[PDB]
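The file protein06.csv contains CSV, C-alpha atoms:
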```csv
chain,number,residue,atom,x,y,z
A,185,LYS,CA,113.8,101.5,119.1
A,186,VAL,CA,115.4,102.9,115.9
A,187,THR,CA,116.0,106.3,114.6
A,188,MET,CA,113.6,107.4,111.8
A,189,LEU,CA,115.0,108.5,108.4
A,190,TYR,CA,116.2,112.1,108.4
A,191,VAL,CA,118.5,113.8,105.9
A,192,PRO,CA,120.1,117.2,105.9
A,193,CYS,CA,119.6,119.7,103.1
A,194,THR,CA,119.6,123.4,102.5
A,195,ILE,CA,116.7,125.1,100.8
A,196,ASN,CA,117.9,128.5,99.6
A,197,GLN,CA,120.7,128.0,102.0
A,198,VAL,CA,118.4,127.2,105.0
A,199,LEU,CA,119.2,123.9,106.5
A,200,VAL,CA,116.3,121.5,106.8
A,201,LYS,CA,116.3,118.0,108.4
A,202,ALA,CA,113.9,116.3,106.0
A,203,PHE,CA,112.0,113.2,107.1
A,204,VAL,CA,112.1,110.5,104.5
A,205,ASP,CA,108.9,108.6,104.4
A,206,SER,CA,108.2,106.1,101.6
A,207,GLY,CA,104.7,105.6,102.9
A,208,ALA,CA,103.6,109.2,102.1
A,209,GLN,CA,101.9,109.9,98.8
A,210,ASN,CA,103.0,113.5,98.9
A,211,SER,CA,106.1,115.6,99.8
A,212,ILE,CA,105.2,118.3,102.3
A,213,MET,CA,106.9,121.2,104.2
A,214,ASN,CA,105.3,123.0,107.1
A,215,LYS,CA,104.6,126.7,107.1
A,216,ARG,CA,107.1,127.5,109.9
A,217,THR,CA,110.0,126.0,107.8
A,218,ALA,CA,108.5,127.5,104.6
A,219,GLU,CA,108.7,130.8,106.5
A,220,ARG,CA,112.2,130.2,107.6
A,221,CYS,CA,113.5,129.2,104.1
A,222,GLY,CA,111.8,132.1,102.4
A,223,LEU,CA,109.2,130.6,100.1
A,224,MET,CA,105.9,132.0,101.3
A,225,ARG,CA,104.8,134.0,98.1
A,226,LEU,CA,106.0,131.4,95.5
A,227,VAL,CA,103.0,129.5,96.7
A,228,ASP,CA,100.3,128.6,94.0
A,229,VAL,CA,97.3,129.0,96.0
A,230,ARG,CA,94.8,126.5,94.5
A,231,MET,CA,94.0,124.5,97.7
A,232,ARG,CA,93.9,127.2,100.5
A,233,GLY,CA,91.1,128.5,102.5
A,234,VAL,CA,88.4,125.8,101.9
A,235,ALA,CA,90.8,122.8,101.7
A,236,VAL,CA,88.4,119.9,100.8
A,237,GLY,CA,90.0,117.3,103.0
A,238,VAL,CA,87.8,118.0,106.0
A,239,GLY,CA,90.6,118.5,108.5
A,240,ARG,CA,91.8,121.2,110.9
A,241,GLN,CA,95.0,121.3,108.7
A,242,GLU,CA,94.9,124.1,106.1
A,243,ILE,CA,96.9,123.7,103.0
A,244,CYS,CA,98.8,126.9,102.4
A,245,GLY,CA,99.3,126.1,98.7
A,246,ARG,CA,101.8,124.3,96.4
A,247,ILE,CA,105.4,125.2,95.6
A,248,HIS,CA,105.9,124.0,92.1
A,249,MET,CA,109.6,124.2,92.1
A,250,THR,CA,112.5,125.3,94.4
A,251,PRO,CA,116.0,123.9,94.4
A,252,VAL,CA,117.1,121.5,97.2
A,253,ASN,CA,120.7,120.8,98.1
A,254,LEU,CA,121.5,117.2,99.1
A,255,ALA,CA,125.3,117.3,99.9
A,256,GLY,CA,126.1,119.6,97.0
A,257,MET,CA,123.6,118.0,94.6
A,258,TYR,CA,121.0,120.5,93.5
A,259,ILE,CA,117.6,119.2,92.6
A,260,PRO,CA,114.3,120.6,91.5
A,261,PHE,CA,111.8,119.9,94.3
A,262,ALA,CA,108.0,120.1,94.6
A,263,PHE,CA,105.8,119.9,97.6
A,264,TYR,CA,102.8,121.1,99.6
A,265,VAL,CA,102.9,123.6,102.5
A,266,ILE,CA,100.6,123.0,105.5
A,267,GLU,CA,100.0,125.3,108.5
A,268,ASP,CA,100.0,122.9,111.5
A,269,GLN,CA,102.3,120.1,110.3
A,270,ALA,CA,104.7,119.2,113.1
A,271,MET,CA,107.7,118.3,111.0
A,272,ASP,CA,109.9,120.6,108.8
A,273,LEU,CA,109.8,118.7,105.6
A,274,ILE,CA,108.4,115.4,104.2
A,275,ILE,CA,110.2,113.7,101.3
A,276,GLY,CA,107.2,111.8,99.9
A,277,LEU,CA,107.1,108.8,97.6
A,278,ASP,CA,106.6,111.3,94.7
A,279,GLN,CA,110.0,112.9,94.9
A,280,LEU,CA,111.6,109.7,96.0
A,281,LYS,CA,110.4,108.1,92.7
A,282,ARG,CA,110.7,111.2,90.4
A,283,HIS,CA,114.4,111.6,91.3
A,284,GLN,CA,114.8,107.9,91.3
A,285,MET,CA,116.2,107.9,94.9
A,286,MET,CA,117.4,104.9,96.8
A,287,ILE,CA,116.7,104.5,100.5
A,288,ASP,CA,119.8,102.6,101.6
A,289,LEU,CA,119.8,101.0,105.0
A,290,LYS,CA,122.7,98.5,104.6
A,291,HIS,CA,125.0,101.4,103.9
A,292,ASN,CA,122.7,103.8,105.7
A,293,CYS,CA,122.2,106.8,103.3
A,294,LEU,CA,119.9,108.3,100.7
A,295,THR,CA,121.7,107.6,97.5
A,296,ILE,CA,120.8,109.9,94.5
A,297,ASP,CA,122.9,109.0,91.4
A,298,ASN,CA,126.4,108.9,92.8
A,299,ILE,CA,125.6,111.2,95.7
A,300,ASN,CA,125.3,109.5,99.1
A,301,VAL,CA,123.7,111.5,101.8
A,302,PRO,CA,124.1,109.7,105.2
A,303,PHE,CA,121.2,109.5,107.6
A,304,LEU,CA,121.3,111.5,110.8
A,305,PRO,CA,122.3,109.9,114.1
A,306,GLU,CA,120.0,109.4,117.1
A,307,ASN,CA,121.6,112.4,118.8
A,308,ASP,CA,119.8,114.5,116.2
A,309,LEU,CA,116.0,114.5,116.8
B,184,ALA,CA,99.3,112.0,89.0
B,185,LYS,CA,99.1,109.9,92.2
B,186,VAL,CA,102.0,107.4,92.4
B,187,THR,CA,101.6,103.8,93.2
B,188,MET,CA,102.4,103.0,96.9
B,189,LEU,CA,105.1,100.4,97.5
B,190,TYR,CA,104.0,96.8,98.0
B,191,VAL,CA,106.0,93.6,97.7
B,192,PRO,CA,104.6,90.0,97.7
B,193,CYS,CA,105.8,87.3,100.1
B,194,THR,CA,104.6,84.1,101.8
B,195,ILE,CA,104.2,83.1,105.5
B,196,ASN,CA,103.7,79.4,106.0
B,197,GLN,CA,102.9,78.8,102.3
B,198,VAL,CA,100.2,81.5,102.2
B,199,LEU,CA,100.5,84.4,99.9
B,200,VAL,CA,100.6,88.0,101.3
B,201,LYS,CA,101.3,91.4,100.1
B,202,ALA,CA,103.4,93.8,102.3
B,203,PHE,CA,103.5,97.6,102.4
B,204,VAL,CA,107.0,99.1,102.6
B,205,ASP,CA,106.8,102.2,104.8
B,206,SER,CA,110.0,103.9,105.7
B,207,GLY,CA,108.1,106.3,107.9
B,208,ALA,CA,106.6,103.6,110.1
B,209,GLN,CA,108.7,102.8,113.1
B,210,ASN,CA,106.9,99.3,113.7
B,211,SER,CA,106.0,96.4,111.5
B,212,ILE,CA,102.3,95.4,112.0
B,213,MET,CA,100.1,92.6,110.7
B,214,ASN,CA,96.3,92.5,110.9
B,215,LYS,CA,94.5,89.8,112.9
B,216,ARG,CA,92.9,88.4,109.8
B,217,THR,CA,96.3,87.8,108.1
B,218,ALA,CA,97.9,86.1,111.0
B,219,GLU,CA,94.8,84.0,111.4
B,220,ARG,CA,95.0,83.4,107.7
B,221,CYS,CA,98.7,82.4,108.1
B,222,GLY,CA,98.0,80.3,111.2
B,223,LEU,CA,100.0,82.6,113.5
B,224,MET,CA,97.7,83.2,116.5
B,225,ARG,CA,99.3,80.4,118.5
B,226,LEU,CA,102.6,82.5,118.1
B,227,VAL,CA,101.0,85.7,119.3
B,228,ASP,CA,102.3,86.6,122.7
B,229,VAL,CA,99.5,88.3,124.5
B,230,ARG,CA,101.5,89.9,127.3
B,231,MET,CA,101.7,93.3,125.7
B,232,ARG,CA,97.9,93.7,124.7
B,233,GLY,CA,96.4,97.2,125.1
B,234,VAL,CA,99.8,99.0,124.8
B,235,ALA,CA,100.3,101.9,122.3
B,236,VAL,CA,103.8,102.9,121.1
B,237,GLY,CA,102.9,104.8,117.9
B,238,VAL,CA,101.4,108.1,117.1
B,239,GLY,CA,97.9,106.9,116.7
B,240,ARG,CA,95.4,105.2,118.9
B,241,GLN,CA,97.3,101.9,118.7
B,242,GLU,CA,95.8,98.8,120.5
B,243,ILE,CA,97.5,95.6,119.6
B,244,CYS,CA,96.4,92.0,119.9
B,245,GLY,CA,100.0,91.1,120.7
B,246,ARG,CA,103.5,90.8,119.2
B,247,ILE,CA,104.9,88.0,117.0
B,248,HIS,CA,108.6,87.9,118.1
B,249,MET,CA,109.7,85.6,115.2
B,250,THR,CA,107.9,84.2,112.3
B,251,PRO,CA,109.6,83.1,109.0
B,252,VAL,CA,108.6,85.2,106.0
B,253,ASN,CA,109.8,84.2,102.5
B,254,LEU,CA,110.8,87.5,101.0
B,255,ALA,CA,113.0,87.7,97.9
B,256,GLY,CA,113.0,83.9,97.8
B,257,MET,CA,114.8,83.9,101.2
B,258,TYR,CA,113.5,82.9,104.6
B,259,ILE,CA,113.7,86.1,106.7
B,260,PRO,CA,112.8,86.3,110.4
B,261,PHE,CA,110.2,89.0,111.1
B,262,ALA,CA,108.8,90.4,114.3
B,263,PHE,CA,105.7,92.5,114.3
B,264,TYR,CA,102.7,93.6,116.3
B,265,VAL,CA,99.3,92.1,115.6
B,266,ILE,CA,96.3,94.5,115.5
B,267,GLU,CA,92.7,93.4,114.7
B,268,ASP,CA,91.2,95.9,112.2
B,269,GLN,CA,94.0,97.3,110.1
B,270,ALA,CA,93.2,98.0,106.4
B,271,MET,CA,96.6,96.7,105.3
B,272,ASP,CA,97.6,93.0,105.7
B,273,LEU,CA,101.2,93.6,106.5
B,274,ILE,CA,103.4,96.6,106.9
B,275,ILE,CA,107.2,96.3,106.6
B,276,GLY,CA,108.4,99.1,108.9
B,277,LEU,CA,111.7,100.8,109.5
B,278,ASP,CA,112.6,98.2,112.1
B,279,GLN,CA,112.7,95.3,109.6
B,280,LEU,CA,114.0,97.5,106.7
B,281,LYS,CA,116.9,98.2,109.1
B,282,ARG,CA,117.2,94.8,110.7
B,283,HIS,CA,117.7,93.1,107.4
B,284,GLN,CA,119.6,96.0,105.8
B,285,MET,CA,117.2,96.3,103.0
B,286,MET,CA,117.4,98.7,100.1
B,287,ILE,CA,114.3,100.6,98.7
B,288,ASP,CA,115.5,101.1,95.2
B,289,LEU,CA,113.1,103.5,93.3
B,290,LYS,CA,115.3,103.8,90.3
B,291,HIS,CA,114.8,100.2,89.2
B,292,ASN,CA,111.6,99.8,91.3
B,293,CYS,CA,112.6,96.9,93.5
B,294,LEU,CA,113.3,95.9,97.1
B,295,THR,CA,116.8,94.6,97.5
B,296,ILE,CA,117.8,92.2,100.3
B,297,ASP,CA,121.1,90.3,100.0
B,298,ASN,CA,121.7,89.6,96.3
B,299,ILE,CA,118.0,89.6,95.4
B,300,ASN,CA,115.6,92.3,94.2
B,301,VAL,CA,111.8,91.9,94.6
B,302,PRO,CA,110.0,94.3,92.2
B,303,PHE,CA,107.3,96.4,93.7
B,304,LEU,CA,103.9,95.3,92.6
B,305,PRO,CA,102.3,97.3,89.7
B,306,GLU,CA,99.2,99.4,90.5
B,307,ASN,CA,96.9,96.9,88.8
B,308,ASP,CA,98.2,94.1,91.1
B,309,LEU,CA,97.3,95.8,94.5
B,310,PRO,CA,93.5,95.3,95.0
B,311,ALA,CA,93.2,91.7,94.1
B,312,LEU,CA,95.8,89.7,96.1
B,313,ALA,CA,94.5,88.5,99.5
```
Serialized structure, structure tokens:
Amino acid sequence: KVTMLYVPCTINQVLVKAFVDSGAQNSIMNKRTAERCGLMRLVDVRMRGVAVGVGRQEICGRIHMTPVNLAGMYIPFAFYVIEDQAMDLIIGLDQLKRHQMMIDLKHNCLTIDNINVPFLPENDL
Amino acid sequence: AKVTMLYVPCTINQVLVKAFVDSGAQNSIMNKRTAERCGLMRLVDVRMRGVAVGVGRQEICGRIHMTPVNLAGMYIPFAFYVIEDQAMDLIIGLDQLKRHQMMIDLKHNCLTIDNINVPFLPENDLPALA
């Protein structure tokens, strides 16, 4: 078995191990990490309360923009916040395309422009 | 906006198939219909039927330990599970993305393996290739 794709980044200087998933239409951060980072009233509540997706999972709202630090590179980031999502942050196919990112597995990093951000080892779950 | 999801075309035993490129999927998986369509049932080892390794309720028809897949004009050895009713013909997971040291280049919209880039299929190509 292989280690899934995780990358380290600070969000308002709060380190998050983001899970990079090219099979996700949307980028998403759970409420617990949204609480830890400090972004709980930047939310644009347009999908809360009666979330029309018929699940248990409630959508807190939508952070339109907050800066993310990938090894010194600062990027405008956008994503959804959900209450009972088990992972800190999802880097969706949206952000992966918008910032024209490259999932490199021969060199094993997420390459953005000239900034290579290695993937985390197995000892880091 | 909702972005196009990532698919590449390829062939297994002369037969044309489109493959979903999922960096969050730990396993490569092919539906029963496709392997039947590609003549791969005889290769399906049925010793591991009824197991589940994933998140979901996963119940496989078996595992294909090696089949040649012509991706990027190169013959590339794949291994994947076979599961009867899966919406998607073929999923390229993180096992094979890593096994063949692939590159998912969303700047120039292509899948790079060796010196060859397969461009991701355009949105209007997805729901017509079988």
A:296, A:266, A:224, A:229: which is nearest residue A:241, counting only C-alpha atoms?
->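 So, comparing all the options, the nearest one is A:266.
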Skip residue A:240 itself and residues of its chain fewer than 2 positions away, then list as a PyMOL selection string all residues within 12 Å of it, counting all atoms listed in the file.
-> chain A and resi 233-238+242-243+266-269
Near-stretch 254-270 of chain B list (9 Å; only C-alpha atoms; drop same-chain fewer than 4 positions) as JSON, numbers by chain | {"B": [191, 192, 193, 194, 210, 211, 212, 213, 214, 215, 216, 218, 227, 241, 242, 243, 244, 245, 246, 247, 248, 249, 250, 274, 275, 276, 278, 279, 283, 294, 295, 296, 297, 299, 300, 301]}
Save out the residues we just selected, C-alpha atoms, as a tab-separated table (two decimals), in the frame of the given file.
```tsv
chain	number	residue	atom	x	y	z
B	191	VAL	CA	106.00	93.60	97.70
B	192	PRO	CA	104.60	90.00	97.70
B	193	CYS	CA	105.80	87.30	100.10
B	194	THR	CA	104.60	84.10	101.80
B	210	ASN	CA	106.90	99.30	113.70
B	211	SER	CA	106.00	96.40	111.50
B	212	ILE	CA	102.30	95.40	112.00
B	213	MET	CA	100.10	92.60	110.70
B	214	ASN	CA	96.30	92.50	110.90
B	215	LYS	CA	94.50	89.80	112.90
B	216	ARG	CA	92.90	88.40	109.80
B	218	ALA	CA	97.90	86.10	111.00
B	227	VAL	CA	101.00	85.70	119.30
B	241	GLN	CA	97.30	101.90	118.70
B	242	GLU	CA	95.80	98.80	120.50
B	243	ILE	CA	97.50	95.60	119.60
B	244	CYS	CA	96.40	92.00	119.90
B	245	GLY	CA	100.00	91.10	120.70
B	246	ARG	CA	103.50	90.80	119.20
B	247	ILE	CA	104.90	88.00	117.00
B	248	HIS	CA	108.60	87.90	118.10
B	249	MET	CA	109.70	85.60	115.20
B	250	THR	CA	107.90	84.20	112.30
B	274	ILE	CA	103.40	96.60	106.90
B	275	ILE	CA	107.20	96.30	106.60
B	276	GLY	CA	108.40	99.10	108.90
B	278	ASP	CA	112.60	98.20	112.10
B	279	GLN	CA	112.70	95.30	109.60
B	283	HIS	CA	117.70	93.10	107.40
B	294	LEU	CA	113.30	95.90	97.10
B	295	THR	CA	116.80	94.60	97.50
B	296	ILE	CA	117.80	92.20	100.30
B	297	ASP	CA	121.10	90.30	100.00
B	299	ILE	CA	118.00	89.60	95.40
B	300	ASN	CA	115.60	92.30	94.20
B	301	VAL	CA	111.80	91.90	94.60
```
May I ask you to extract the residues of chain B within 9 Å of chain A, using all atoms listed in the file, and to give them as JSON, numbers by chain?
-> {"B": [185, 186, 187, 188, 189, 203, 204, 205, 206, 207, 208, 209, 277, 278, 280, 281, 282, 283, 284, 285, 286, 287, 288, 289, 290, 291, 292]}
Could you check how far atom CA of residue A:300 sits from atom CA of residue B:302, in Å to one decimal?
->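 Separating atom CA of residue A:300 from atom CA of residue B:302 is a distance of 22.6 Å.
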So what do you get for atom CA of residue A:199 versus atom CA of residue A:304, distance-wise?
->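 Distance between the two atoms: 13.3 Å.
With only C-alpha atoms as the atoms that count, the minimum distance from residue A:212 to the choices A:247, A:198, A:301, A:309 is reached by A:247.
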